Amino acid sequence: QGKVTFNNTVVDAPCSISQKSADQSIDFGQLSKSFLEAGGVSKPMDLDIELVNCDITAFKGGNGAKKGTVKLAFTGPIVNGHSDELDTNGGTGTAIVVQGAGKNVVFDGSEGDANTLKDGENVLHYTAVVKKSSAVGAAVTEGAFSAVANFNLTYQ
């Protein structure tokens, strides 16, 4: 059945993602509390997601494709009242914002933009930055932080 069954009929597969790093992470490096505390935003880190095993002619399509057979969407703990701010661990007071095709990514499940596919390749290009959380009394404190976002692909 499907993968244990064998014959001429090709069965297309869902995508498998991977990044430059083995743990599927992006390192922001040490950040200045003072800078963040003053409204500063870290230098944008590239968040590239490689799509393998699947026909990319569905993510903004490869060489075209206007239809949408796969829905893309990010999910993660948000900042109270700000669905576009991925909350963080460690209590540092920081938050994370990811930008797609010029527009911010929302982490409440709403359909994302399956239009970030780098024309010509099989990579979704996003950018991420760290900033003082936009929550009342945030206060950027020092220390290490981390966050996990769910990249959801739903197939029709």
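Residue numbers run from 1 along the displayed sequence.
Chemist: Take the C-alpha B-factors listed in the entry for 16 to 24 and for 141 to 149, compute each mean, and give the stretch with the larger one.
Modeler: Result: 141 to 149.
Chemist: Read off the CA B-factors in the entry, average them over 109 to 117 and over 87 to 95, and name the higher stretch.
Modeler: Mean B over CA atoms: larger for 109 to 117.
Chemist: If you check the C-alpha B-factor for each of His125, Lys43, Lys60, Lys131 in the entry, which is highest?
Modeler: Result of the comparison over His125, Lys43, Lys60, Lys131: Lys60.
Chemist: Hey, what third does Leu51 fall into on Cα B-factor, ranked over its chain?
Modeler: Lowest third - that is where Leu51 ends up once the chain's C-alpha B-factors are sorted.
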